[PDB]
$ cat protein16.pdb   # PDB, C-alpha atoms and all ligand atoms
ATOM      1  CA  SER A   1     154.611 113.009 115.743  1.00  0.00           C
ATOM      2  CA  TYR A   2     157.240 110.152 115.361  1.00  0.00           C
ATOM      3  CA  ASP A   3     154.704 107.595 116.793  1.00  0.00           C
ATOM      4  CA  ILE A   4     155.063 104.475 114.503  1.00  0.00           C
ATOM      5  CA  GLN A   5     151.679 103.077 115.839  1.00  0.00           C
ATOM      6  CA  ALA A   6     149.526 106.256 115.552  1.00  0.00           C
ATOM      7  CA  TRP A   7     148.162 105.375 112.049  1.00  0.00           C
ATOM      8  CA  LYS A   8     145.897 102.618 113.483  1.00  0.00           C
ATOM      9  CA  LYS A   9     143.651 104.877 115.623  1.00  0.00           C
ATOM     10  CA  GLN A  10     143.778 107.554 112.844  1.00  0.00           C
ATOM     11  CA  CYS A  11     142.420 104.943 110.369  1.00  0.00           C
ATOM     12  CA  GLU A  12     139.722 103.779 112.863  1.00  0.00           C
ATOM     13  CA  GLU A  13     138.572 107.446 113.180  1.00  0.00           C
ATOM     14  CA  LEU A  14     138.545 107.932 109.357  1.00  0.00           C
ATOM     15  CA  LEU A  15     136.511 104.686 108.892  1.00  0.00           C
ATOM     16  CA  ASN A  16     134.034 106.072 111.492  1.00  0.00           C
ATOM     17  CA  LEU A  17     133.659 109.281 109.376  1.00  0.00           C
ATOM     18  CA  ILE A  18     133.210 107.152 106.187  1.00  0.00           C
ATOM     19  CA  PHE A  19     130.409 105.089 107.922  1.00  0.00           C
ATOM     20  CA  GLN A  20     128.614 108.490 108.775  1.00  0.00           C
ATOM     21  CA  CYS A  21     128.775 109.525 105.059  1.00  0.00           C
ATOM     22  CA  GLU A  22     125.555 108.668 103.132  1.00  0.00           C
ATOM     23  CA  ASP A  23     127.891 108.133 100.114  1.00  0.00           C
ATOM     24  CA  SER A  24     129.340 105.000 101.809  1.00  0.00           C
ATOM     25  CA  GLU A  25     125.950 103.123 101.853  1.00  0.00           C
ATOM     26  CA  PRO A  26     126.631 100.806  98.850  1.00  0.00           C
ATOM     27  CA  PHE A  27     130.197 100.001 100.028  1.00  0.00           C
ATOM     28  CA  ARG A  28     129.695  99.010 103.727  1.00  0.00           C
ATOM     29  CA  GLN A  29     128.850  95.307 103.088  1.00  0.00           C
ATOM     30  CA  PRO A  30     129.459  92.778 100.259  1.00  0.00           C
ATOM     31  CA  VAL A  31     127.590  93.007  96.927  1.00  0.00           C
ATOM     32  CA  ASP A  32     124.686  90.460  96.989  1.00  0.00           C
ATOM     33  CA  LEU A  33     125.026  88.135  93.923  1.00  0.00           C
ATOM     34  CA  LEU A  34     121.180  87.659  93.554  1.00  0.00           C
ATOM     35  CA  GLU A  35     120.620  91.424  92.839  1.00  0.00           C
ATOM     36  CA  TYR A  36     123.858  91.661  90.700  1.00  0.00           C
ATOM     37  CA  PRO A  37     124.248  88.128  89.230  1.00  0.00           C
ATOM     38  CA  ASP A  38     127.274  88.922  86.952  1.00  0.00           C
ATOM     39  CA  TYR A  39     129.459  90.566  89.710  1.00  0.00           C
ATOM     40  CA  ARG A  40     132.242  87.895  90.038  1.00  0.00           C
ATOM     41  CA  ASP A  41     132.546  87.591  86.202  1.00  0.00           C
ATOM     42  CA  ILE A  42     133.761  91.258  86.260  1.00  0.00           C
ATOM     43  CA  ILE A  43     135.395  91.624  89.764  1.00  0.00           C
ATOM     44  CA  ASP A  44     138.216  89.218  90.765  1.00  0.00           C
ATOM     45  CA  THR A  45     138.614  90.557  94.389  1.00  0.00           C
ATOM     46  CA  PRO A  46     135.501  91.966  96.193  1.00  0.00           C
ATOM     47  CA  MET A  47     136.225  94.529  98.947  1.00  0.00           C
ATOM     48  CA  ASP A  48     133.997  96.619 101.290  1.00  0.00           C
ATOM     49  CA  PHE A  49     134.479  98.938 104.330  1.00  0.00           C
ATOM     50  CA  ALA A  50     133.294  96.348 106.873  1.00  0.00           C
ATOM     51  CA  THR A  51     136.037  93.948 105.638  1.00  0.00           C
ATOM     52  CA  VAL A  52     138.606  96.795 105.911  1.00  0.00           C
ATOM     53  CA  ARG A  53     137.485  97.622 109.506  1.00  0.00           C
ATOM     54  CA  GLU A  54     137.544  93.938 110.557  1.00  0.00           C
ATOM     55  CA  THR A  55     141.050  93.406 109.021  1.00  0.00           C
ATOM     56  CA  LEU A  56     142.304  96.510 110.938  1.00  0.00           C
ATOM     57  CA  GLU A  57     140.737  95.406 114.283  1.00  0.00           C
ATOM     58  CA  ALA A  58     142.090  91.824 113.819  1.00  0.00           C
ATOM     59  CA  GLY A  59     145.654  93.284 113.669  1.00  0.00           C
ATOM     60  CA  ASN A  60     146.061  92.047 110.071  1.00  0.00           C
ATOM     61  CA  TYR A  61     147.334  95.322 108.503  1.00  0.00           C
ATOM     62  CA  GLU A  62     151.105  96.017 109.048  1.00  0.00           C
ATOM     63  CA  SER A  63     150.901  99.645 107.696  1.00  0.00           C
ATOM     64  CA  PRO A  64     148.398 102.273 106.564  1.00  0.00           C
ATOM     65  CA  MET A  65     149.664 101.663 102.967  1.00  0.00           C
ATOM     66  CA  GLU A  66     148.104  98.163 103.100  1.00  0.00           C
ATOM     67  CA  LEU A  67     144.750  99.604 104.358  1.00  0.00           C
ATOM     68  CA  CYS A  68     144.937 102.265 101.594  1.00  0.00           C
ATOM     69  CA  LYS A  69     145.413  99.531  98.912  1.00  0.00           C
ATOM     70  CA  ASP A  70     142.198  97.753 100.063  1.00  0.00           C
ATOM     71  CA  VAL A  71     140.138 101.006 100.241  1.00  0.00           C
ATOM     72  CA  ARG A  72     141.376 101.921  96.726  1.00  0.00           C
ATOM     73  CA  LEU A  73     140.213  98.429  95.567  1.00  0.00           C
ATOM     74  CA  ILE A  74     136.635  99.309  96.739  1.00  0.00           C
ATOM     75  CA  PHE A  75     136.737 102.304  94.370  1.00  0.00           C
ATOM     76  CA  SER A  76     138.412 100.523  91.398  1.00  0.00           C
ATOM     77  CA  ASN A  77     135.828  97.682  91.696  1.00  0.00           C
ATOM     78  CA  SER A  78     133.001 100.302  91.462  1.00  0.00           C
ATOM     79  CA  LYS A  79     134.645 101.855  88.350  1.00  0.00           C
ATOM     80  CA  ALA A  80     135.062  98.386  86.748  1.00  0.00           C
ATOM     81  CA  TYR A  81     131.422  97.344  87.476  1.00  0.00           C
ATOM     82  CA  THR A  82     129.654 100.607  86.452  1.00  0.00           C
ATOM     83  CA  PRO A  83     127.802 100.356  83.118  1.00  0.00           C
ATOM     84  CA  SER A  84     128.140 104.197  82.879  1.00  0.00           C
ATOM     85  CA  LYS A  85     130.373 106.942  84.341  1.00  0.00           C
ATOM     86  CA  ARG A  86     127.036 108.719  85.200  1.00  0.00           C
ATOM     87  CA  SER A  87     125.626 105.887  87.405  1.00  0.00           C
ATOM     88  CA  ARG A  88     124.369 106.666  90.927  1.00  0.00           C
ATOM     89  CA  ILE A  89     126.606 104.188  92.801  1.00  0.00           C
ATOM     90  CA  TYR A  90     129.777 105.060  90.774  1.00  0.00           C
ATOM     91  CA  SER A  91     129.087 108.809  91.343  1.00  0.00           C
ATOM     92  CA  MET A  92     128.837 108.103  95.150  1.00  0.00           C
ATOM     93  CA  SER A  93     132.216 106.218  94.865  1.00  0.00           C
ATOM     94  CA  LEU A  94     133.983 109.242  93.306  1.00  0.00           C
ATOM     95  CA  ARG A  95     132.882 111.658  96.063  1.00  0.00           C
ATOM     96  CA  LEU A  96     133.789 109.144  98.783  1.00  0.00           C
ATOM     97  CA  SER A  97     137.200 108.515  97.150  1.00  0.00           C
ATOM     98  CA  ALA A  98     137.958 112.292  97.140  1.00  0.00           C
ATOM     99  CA  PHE A  99     137.017 112.460 100.861  1.00  0.00           C
ATOM    100  CA  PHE A 100     139.175 109.410 101.675  1.00  0.00           C
ATOM    101  CA  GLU A 101     142.233 110.681  99.768  1.00  0.00           C
ATOM    102  CA  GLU A 102     141.955 114.150 101.410  1.00  0.00           C
ATOM    103  CA  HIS A 103     142.064 112.538 104.898  1.00  0.00           C
ATOM    104  CA  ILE A 104     144.526 109.603 104.366  1.00  0.00           C
ATOM    105  CA  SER A 105     147.290 111.928 102.982  1.00  0.00           C
ATOM    106  CA  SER A 106     148.518 113.056 106.470  1.00  0.00           C
ATOM    107  CA  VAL A 107     148.152 109.527 107.949  1.00  0.00           C
ATOM    108  CA  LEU A 108     150.553 108.138 105.290  1.00  0.00           C
ATOM    109  CA  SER A 109     152.998 111.077 105.531  1.00  0.00           C
ATOM    110  CA  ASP A 110     153.183 110.860 109.374  1.00  0.00           C
ATOM    111  CA  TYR A 111     153.711 107.065 109.302  1.00  0.00           C
ATOM    112  CA  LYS A 112     156.507 107.195 106.692  1.00  0.00           C
ATOM    113  CA  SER A 113     158.155 110.107 108.605  1.00  0.00           C
ATOM    114  CA  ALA A 114     157.987 108.069 111.870  1.00  0.00           C
ATOM    115  CA  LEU A 115     159.661 105.064 110.187  1.00  0.00           C
ATOM    116  CA  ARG A 116     162.405 107.255 108.738  1.00  0.00           C
ATOM    117  CA  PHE A 117     163.040 108.768 112.230  1.00  0.00           C
ATOM    118  CA  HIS A 118     163.237 105.201 113.690  1.00  0.00           C
ATOM    119  CA  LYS A 119     166.061 104.370 111.162  1.00  0.00           C
ATOM    120  CA  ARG A 120     167.794 107.824 111.479  1.00  0.00           C
ATOM    121  CA  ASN A 121     171.002 106.379 113.139  1.00  0.00           C
TER     122      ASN A 121
HETATM  123  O1  LIG B 201     124.820  96.319  95.913  1.00  0.00           O
HETATM  124  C1  LIG B 201     125.811  97.000  96.210  1.00  0.00           C
HETATM  125  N1  LIG B 201     126.085  97.307  97.517  1.00  0.00           N
HETATM  126  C2  LIG B 201     125.229  96.990  98.596  1.00  0.00           C
HETATM  127  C3  LIG B 201     125.511  95.894  99.402  1.00  0.00           C
HETATM  128  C4  LIG B 201     124.676  95.573 100.459  1.00  0.00           C
HETATM  129  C5  LIG B 201     123.564  96.339 100.725  1.00  0.00           C
HETATM  130  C6  LIG B 201     123.256  97.420  99.929  1.00  0.00           C
HETATM  131  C7  LIG B 201     124.089  97.751  98.866  1.00  0.00           C
HETATM  132 CL1  LIG B 201     123.697  99.132  97.880  1.00  0.00          CL
HETATM  133  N2  LIG B 201     126.634  97.518  95.262  1.00  0.00           N
HETATM  134  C8  LIG B 201     126.181  97.509  93.867  1.00  0.00           C
HETATM  135  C9  LIG B 201     127.314  97.235  92.894  1.00  0.00           C
HETATM  136  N3  LIG B 201     128.429  98.148  93.166  1.00  0.00           N
HETATM  137  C10 LIG B 201     128.927  99.111  92.374  1.00  0.00           C
HETATM  138  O2  LIG B 201     129.970  99.670  92.685  1.00  0.00           O
HETATM  139  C11 LIG B 201     128.241  99.635  91.223  1.00  0.00           C
HETATM  140  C12 LIG B 201     128.686 100.469  90.253  1.00  0.00           C
HETATM  141  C13 LIG B 201     127.589 100.720  89.395  1.00  0.00           C
HETATM  142  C14 LIG B 201     126.532 100.012  89.905  1.00  0.00           C
HETATM  143  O3  LIG B 201     126.914  99.346  91.032  1.00  0.00           O
HETATM  144  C15 LIG B 201     128.955  97.925  94.512  1.00  0.00           C
HETATM  145  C16 LIG B 201     127.875  98.266  95.515  1.00  0.00           C
END

$ encode --input "protein16.pdb" --output "structure tokens"
Amino acid sequence: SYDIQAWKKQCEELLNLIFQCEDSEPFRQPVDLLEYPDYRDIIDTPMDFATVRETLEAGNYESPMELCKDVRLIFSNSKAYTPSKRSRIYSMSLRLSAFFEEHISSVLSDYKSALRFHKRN
């Protein structure tokens, strides 16, 4: 497809699949700073899947690359906060990241292809 707008619905669908994954539980909503009092000493930019979905539905992503940068920030924040590479919540993050990367690959390729076709002449 050379549809320049198709990525948006494709990302809505993929966020729906991520919300059905039990591995997304810890990442749907912001970290609570009463249960994790040192979070903002470690993490400069919090991110979660509900913020990603709201930013998409507001029309505040210009490309699936921007959405991808914010989802990758969810996963790098988990890696930066984990006291161990064997922790439950970090382990959930690695499986969810693999799922996300497997599915976003074609969304990015199709978008970049569609832009190149738009500028073909
Ligand atoms: O509290 C968290 N998420 C959450 C938010 C609202 C309701 C319910 C939940 Cl589980 N989080 C814990 C901190 N964290 C980590 O990535 C991490 C890595 C090693 C330990 O925690 C991010 C998710």

$ atom_distance --input "protein16.pdb" --atom1 "atom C13 of ligand LIG 201 (chain B)" --atom2 "CA of residue 23 in chain A"
13.0 Å

$ resolve_selection --input "protein16.pdb" --expression "the PyMOL selection byres (((chain A and resi 115) around 12) and not hetatm)" --output "list in words"
residues 1, 2, 3, 4, 5, 6, 7, 63, 108, 109, 110, 111, 112, 113, 114, 116, 117, 118, 119, 120 and 121 of chain A

$ resolve_selection --input "protein16.pdb" --expression "the PyMOL selection byres (((chain A and resi 40-50) around 10) and not hetatm)" --output "PyMOL selection string"
chain A and resi 15+18-19+24-31+33+36-39+51-56+70-78+80-81

$ closest_residue --input "protein16.pdb" --among "A:21, A:34, A:14, A:90" --to "ligand LIG 201 (chain B)" --atoms "all atoms listed in the file"
A:90

$ axis_aligned_box --input "protein16.pdb" --around "range 93-108 of chain A" --padding-each-side "4 Å" --output "JSON"
{"center_x": 141.4, "center_y": 110.2, "center_z": 100.6, "size_x": 26.3, "size_y": 15.9, "size_z": 22.6}

$ atom_distance --input "protein16.pdb" --atom1 "atom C13 of ligand LIG 201 (chain B)" --atom2 "CA of residue 89 in chain A"
5.0 Å

$ atom_distance --input "protein16.pdb" --atom1 "CA of residue 62 in chain A" --atom2 "CA of residue 104 in chain A"
15.8 Å

$ closest_residue --input "protein16.pdb" --among "A:93, A:105, A:87, A:82" --to "residue 68 in chain A" --atoms "only C-alpha atoms"
A:105

$ closest_residue --input "protein16.pdb" --among "A:32, A:102, A:57, A:66" --to "ligand LIG 201 (chain B)" --atoms "all atoms listed in the file"
A:32

$ closest_residue --input "protein16.pdb" --among "A:107, A:11, A:58, A:94" --to "ligand LIG 201 (chain B)" --atoms "all atoms listed in the file"
A:94

$ decode --input "protein16.pdb" --residues "range 45-78 of chain A" --atoms "N, CA and C atoms" --output "PDB file, in the first residue's frame"
ATOM      1  N   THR A  45      12.209  11.065  31.970  1.00  0.00           N
ATOM      2  CA  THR A  45      10.990  11.224  31.132  1.00  0.00           C
ATOM      3  C   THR A  45      10.097   9.989  31.269  1.00  0.00           C
ATOM      4  N   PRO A  46       9.135   9.968  32.206  1.00  0.00           N
ATOM      5  CA  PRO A  46       8.191   8.842  32.326  1.00  0.00           C
ATOM      6  C   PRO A  46       7.412   8.666  31.004  1.00  0.00           C
ATOM      7  N   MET A  47       7.075   7.422  30.701  1.00  0.00           N
ATOM      8  CA  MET A  47       6.196   7.133  29.535  1.00  0.00           C
ATOM      9  C   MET A  47       5.423   5.843  29.838  1.00  0.00           C
ATOM     10  N   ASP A  48       4.186   5.769  29.340  1.00  0.00           N
ATOM     11  CA  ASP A  48       3.327   4.567  29.505  1.00  0.00           C
ATOM     12  C   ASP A  48       2.412   4.418  28.280  1.00  0.00           C
ATOM     13  N   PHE A  49       1.761   3.264  28.120  1.00  0.00           N
ATOM     14  CA  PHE A  49       0.954   3.006  26.900  1.00  0.00           C
ATOM     15  C   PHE A  49      -0.325   3.847  26.836  1.00  0.00           C
ATOM     16  N   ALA A  50      -0.859   4.255  27.984  1.00  0.00           N
ATOM     17  CA  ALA A  50      -2.055   5.118  27.933  1.00  0.00           C
ATOM     18  C   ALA A  50      -1.661   6.504  27.413  1.00  0.00           C
ATOM     19  N   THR A  51      -0.495   7.015  27.774  1.00  0.00           N
ATOM     20  CA  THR A  51      -0.006   8.299  27.231  1.00  0.00           C
ATOM     21  C   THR A  51       0.223   8.153  25.726  1.00  0.00           C
ATOM     22  N   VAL A  52       0.838   7.052  25.293  1.00  0.00           N
ATOM     23  CA  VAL A  52       1.034   6.840  23.830  1.00  0.00           C
ATOM     24  C   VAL A  52      -0.312   6.834  23.098  1.00  0.00           C
ATOM     25  N   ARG A  53      -1.284   6.069  23.570  1.00  0.00           N
ATOM     26  CA  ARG A  53      -2.623   6.011  22.933  1.00  0.00           C
ATOM     27  C   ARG A  53      -3.298   7.397  22.907  1.00  0.00           C
ATOM     28  N   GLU A  54      -3.236   8.133  24.003  1.00  0.00           N
ATOM     29  CA  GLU A  54      -3.857   9.470  24.027  1.00  0.00           C
ATOM     30  C   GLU A  54      -3.150  10.392  23.040  1.00  0.00           C
ATOM     31  N   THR A  55      -1.837  10.355  22.950  1.00  0.00           N
ATOM     32  CA  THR A  55      -1.068  11.255  22.035  1.00  0.00           C
ATOM     33  C   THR A  55      -1.438  10.907  20.593  1.00  0.00           C
ATOM     34  N   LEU A  56      -1.582   9.617  20.267  1.00  0.00           N
ATOM     35  CA  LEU A  56      -2.040   9.190  18.925  1.00  0.00           C
ATOM     36  C   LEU A  56      -3.445   9.715  18.644  1.00  0.00           C
ATOM     37  N   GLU A  57      -4.394   9.493  19.552  1.00  0.00           N
ATOM     38  CA  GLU A  57      -5.811   9.888  19.312  1.00  0.00           C
ATOM     39  C   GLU A  57      -5.956  11.415  19.290  1.00  0.00           C
ATOM     40  N   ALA A  58      -5.115  12.144  20.003  1.00  0.00           N
ATOM     41  CA  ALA A  58      -5.130  13.634  19.927  1.00  0.00           C
ATOM     42  C   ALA A  58      -4.661  14.152  18.568  1.00  0.00           C
ATOM     43  N   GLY A  59      -4.061  13.306  17.705  1.00  0.00           N
ATOM     44  CA  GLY A  59      -3.412  13.797  16.481  1.00  0.00           C
ATOM     45  C   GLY A  59      -2.139  14.498  16.764  1.00  0.00           C
ATOM     46  N   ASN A  60      -1.337  14.034  17.728  1.00  0.00           N
ATOM     47  CA  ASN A  60      -0.079  14.695  18.131  1.00  0.00           C
ATOM     48  C   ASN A  60       1.178  13.848  17.826  1.00  0.00           C
ATOM     49  N   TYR A  61       1.003  12.756  17.043  1.00  0.00           N
ATOM     50  CA  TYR A  61       2.137  12.108  16.340  1.00  0.00           C
ATOM     51  C   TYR A  61       2.026  12.431  14.839  1.00  0.00           C
ATOM     52  N   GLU A  62       3.151  12.842  14.237  1.00  0.00           N
ATOM     53  CA  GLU A  62       3.245  13.123  12.771  1.00  0.00           C
ATOM     54  C   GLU A  62       3.681  11.879  11.973  1.00  0.00           C
ATOM     55  N   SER A  63       4.156  10.814  12.622  1.00  0.00           N
ATOM     56  CA  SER A  63       4.688   9.622  11.939  1.00  0.00           C
ATOM     57  C   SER A  63       4.759   8.461  12.914  1.00  0.00           C
ATOM     58  N   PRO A  64       4.783   7.213  12.403  1.00  0.00           N
ATOM     59  CA  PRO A  64       4.906   6.081  13.306  1.00  0.00           C
ATOM     60  C   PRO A  64       6.308   6.040  13.940  1.00  0.00           C
ATOM     61  N   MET A  65       7.310   6.699  13.362  1.00  0.00           N
ATOM     62  CA  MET A  65       8.642   6.775  13.994  1.00  0.00           C
ATOM     63  C   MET A  65       8.551   7.494  15.352  1.00  0.00           C
ATOM     64  N   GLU A  66       7.728   8.561  15.430  1.00  0.00           N
ATOM     65  CA  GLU A  66       7.594   9.289  16.692  1.00  0.00           C
ATOM     66  C   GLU A  66       6.929   8.377  17.734  1.00  0.00           C
ATOM     67  N   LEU A  67       5.876   7.653  17.366  1.00  0.00           N
ATOM     68  CA  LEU A  67       5.194   6.718  18.287  1.00  0.00           C
ATOM     69  C   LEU A  67       6.207   5.680  18.760  1.00  0.00           C
ATOM     70  N   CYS A  68       6.991   5.145  17.826  1.00  0.00           N
ATOM     71  CA  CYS A  68       8.001   4.101  18.121  1.00  0.00           C
ATOM     72  C   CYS A  68       9.018   4.638  19.157  1.00  0.00           C
ATOM     73  N   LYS A  69       9.448   5.905  19.048  1.00  0.00           N
ATOM     74  CA  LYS A  69      10.407   6.476  19.982  1.00  0.00           C
ATOM     75  C   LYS A  69       9.790   6.460  21.392  1.00  0.00           C
ATOM     76  N   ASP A  70       8.533   6.852  21.539  1.00  0.00           N
ATOM     77  CA  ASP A  70       7.897   6.854  22.877  1.00  0.00           C
ATOM     78  C   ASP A  70       7.706   5.424  23.424  1.00  0.00           C
ATOM     79  N   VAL A  71       7.316   4.463  22.573  1.00  0.00           N
ATOM     80  CA  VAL A  71       7.159   3.076  23.090  1.00  0.00           C
ATOM     81  C   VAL A  71       8.533   2.562  23.513  1.00  0.00           C
ATOM     82  N   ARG A  72       9.591   2.840  22.740  1.00  0.00           N
ATOM     83  CA  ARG A  72      10.934   2.392  23.118  1.00  0.00           C
ATOM     84  C   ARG A  72      11.365   3.028  24.447  1.00  0.00           C
ATOM     85  N   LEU A  73      10.934   4.246  24.736  1.00  0.00           N
ATOM     86  CA  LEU A  73      11.223   4.927  26.013  1.00  0.00           C
ATOM     87  C   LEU A  73      10.585   4.164  27.178  1.00  0.00           C
ATOM     88  N   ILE A  74       9.365   3.617  27.005  1.00  0.00           N
ATOM     89  CA  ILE A  74       8.764   2.759  28.063  1.00  0.00           C
ATOM     90  C   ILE A  74       9.773   1.668  28.440  1.00  0.00           C
ATOM     91  N   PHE A  75      10.335   1.028  27.433  1.00  0.00           N
ATOM     92  CA  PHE A  75      11.204  -0.153  27.664  1.00  0.00           C
ATOM     93  C   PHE A  75      12.562   0.281  28.217  1.00  0.00           C
ATOM     94  N   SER A  76      13.130   1.378  27.717  1.00  0.00           N
ATOM     95  CA  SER A  76      14.444   1.835  28.266  1.00  0.00           C
ATOM     96  C   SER A  76      14.251   2.322  29.703  1.00  0.00           C
ATOM     97  N   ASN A  77      13.131   2.942  30.046  1.00  0.00           N
ATOM     98  CA  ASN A  77      12.880   3.343  31.446  1.00  0.00           C
ATOM     99  C   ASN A  77      12.867   2.088  32.303  1.00  0.00           C
ATOM    100  N   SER A  78      12.192   1.006  31.901  1.00  0.00           N
ATOM    101  CA  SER A  78      12.149  -0.230  32.716  1.00  0.00           C
ATOM    102  C   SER A  78      13.566  -0.765  32.913  1.00  0.00           C
TER     103      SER A  78
END
